[PDB]
Amino acid sequence: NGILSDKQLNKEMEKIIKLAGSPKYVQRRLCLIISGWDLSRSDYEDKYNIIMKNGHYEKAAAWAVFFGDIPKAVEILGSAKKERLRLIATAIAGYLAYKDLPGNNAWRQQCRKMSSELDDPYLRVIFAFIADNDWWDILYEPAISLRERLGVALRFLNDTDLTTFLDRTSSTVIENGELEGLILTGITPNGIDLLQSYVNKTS
Amino acid sequence: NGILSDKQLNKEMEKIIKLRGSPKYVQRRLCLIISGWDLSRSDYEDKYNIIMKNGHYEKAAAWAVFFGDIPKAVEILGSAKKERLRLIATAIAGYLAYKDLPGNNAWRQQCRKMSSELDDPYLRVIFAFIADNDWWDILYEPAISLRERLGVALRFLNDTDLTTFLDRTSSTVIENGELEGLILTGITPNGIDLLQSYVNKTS
């Protein structure tokens, strides 16, 4: 959101980055630096390997979809142990061709129902993104990480709607007192207000 | 096989059909009458309801796949209380807009791996047929009912393919002493040979 001059802050941000498709690309790079999402393809593959070693295959598949690589998500989730996960990966595999057919045809319907009824939040995210393709159903529920929601709102979003998402989420977290809002507010006086609401909620 | 006039036996078989595409259509209809498969679509839906009330949703979906109503199979498996059955319903639902495609698109690979690794034989043959639209991977599965295998072979396969399948299955069951070869061979001297092999095998 910006705020001794706009050109001065832009050039110092450029000299921080030196270490588009948008009018504000350096601000996006600063936001990715702050959020810890300034990563390359090798870094994402390393993160996939790390999360696979940690044992959260659902989180690995969710991160693979967050990056936008759905064949990679299918490959990651299919190379697991639990037959339940292999079935889930088999369901997700469908999308690799069901992309140019916008119409109710049961598969999307069953996927919406299963996204409603499953318990794992990452699998709920993965099905709600696979069926009825829309980023907004991913970045509004509080069941997943706010850092991940910022990662998907910074990589695939327009600057017109990113401001609306950031304003709505900040005005949510400040009055709700959640600690995850430090992503948006930082260690600022607004962060002190967030921590004050957190204290008033939890002690 | 048939085997004192050919016209007389054909006309009495036609009379038997009259009691209740191919030149051997009368013999195919007699075979379906013998095996107990000549049943209407409304009674097929009633049988679906009967098996659903019994609780064998895998058997109901196997019969639906056997008859060829894949959307009805997805509808049947989706109306189940088991999350594994719902995941299998979604995976089978990834087939309706997916038959007009070539192979090796990840989804058929996952379905082939599932059909190889899964334990339930009905779900095995469901995955096998849905992955590859051929019936030679279904007609030879030993862990399904030979009455059902005869039914799908009489419904779908051609004359030469049905003759080869019948010869292979009869020559297998006569030497192996399987009690379900009595459907193929009847209570005949060959049926007594089959029962003799069953006696020699089991006492």
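So here's what we get for this one:
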quantity: Helices (runs of 4 or more DSSP H) fully within the stretch A:34-119 counting 2 or more residues that are more than 12 Å from chain B (Cβ to nearest Cβ), among the hydrophobic types (A, V, I, L, M, F, W, C) and surrounded by 14 or more Cβ atoms within 10 Å (Cβ to Cβ); calculated: A:41-54, A:57-67
quantity: In the stretch A:8-33, the residues that are assigned to a loop (DSSP other than H, G, I, E, B) and not hydroxyl-bearing (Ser, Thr, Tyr); calculated: A:18, A:19, A:20, A:21, A:23, A:24
quantity: Count - residues of the stretch B:6-50 that are surrounded by 10 or more Cβ atoms within 10 Å (Cβ to Cβ) and either in contact with a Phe, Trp or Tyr (Cβ under 8 Å, 6 or more places away or on another chain) or not in a helix (DSSP H, G or I) (or both); calculated: 10
quantity: Criterion: in contact with a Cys (Cβ under 8 Å, 6 or more places away or on another chain) and of a type outside the set (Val, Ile, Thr) - qualifying residue of A:127, A:165; calculated: A:127
quantity: Single residue of the stretch B:125-142 satisfying the filter (of a type in the set (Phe, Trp, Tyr) and buried (at least 16 other Cβ atoms within 10 Å of the Cβ)) that is nearest to residue B:85 (Cα to Cα); calculated: B:127
quantity: Filter pass, residue B:3 being closer than 25 Å to residue B:186 by Cβ, in a helix (DSSP H, G or I), of a type in the set (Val, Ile, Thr) and over 20 Å from the mean Cα position of the chain (by Cα); calculated: no
quantity: Members of the stretch B:161-203 that are in a helix (DSSP H, G or I), of a type in the set (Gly, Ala, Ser) and within 22 Å of residue B:36 (Cβ to Cβ); calculated: B:170, B:181, B:191
quantity: Every pair of residues 6+ apart whose Cβ atoms lie under 6 Å, when the first sits in the stretch B:81-101 and is surrounded by 13 or more Cβ atoms within 10 Å (Cβ to Cβ) while the second is part of a loop (DSSP other than H, G, I, E, B); calculated: B:93/A:106; B:97/A:101
quantity: Yes/no for residue B:83 being in contact with a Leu (Cβ under 6 Å, 6 or more places away or on another chain) and among the acidic types (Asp, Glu); calculated: no
quantity: Subset of the stretch A:176-203 (residues that are part of a helix (DSSP H, G or I) and closer than 18 Å to residue A:141 by Cβ); calculated: A:176, A:179, A:180, A:181, A:183, A:184
quantity: Selection status of residue A:125, more than 12 Å from chain B (Cβ to nearest Cβ) and of a type in the set (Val, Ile, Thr); calculated: yes
quantity: Odd one out for residue B:122 among (1) more than 17 Å from residue B:87 (Cα to Cα); (2) surrounded by 16 or more Cβ atoms within 10 Å (Cβ to Cβ); calculated: (1)
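Here's the yes/no breakdown for (1) within 26 Å of residue A:87 (Cβ to Cβ); (2) not aromatic (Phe, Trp, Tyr):
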| site | (1), (2) |
| --- | --- |
| B:113 | yes, yes |
| B:118 | yes, yes |
| B:126 | yes, yes |
| B:140 | yes, no |
| B:148 | yes, yes |
| B:151 | no, yes |
| B:162 | no, yes |
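Laboratory data are not the source of any read-out in this text; all were calculated from the coordinates shown. So basically every Cβ, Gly included, is an ideal-geometry build from the backbone, and we count neighbours across all protein chains shown.
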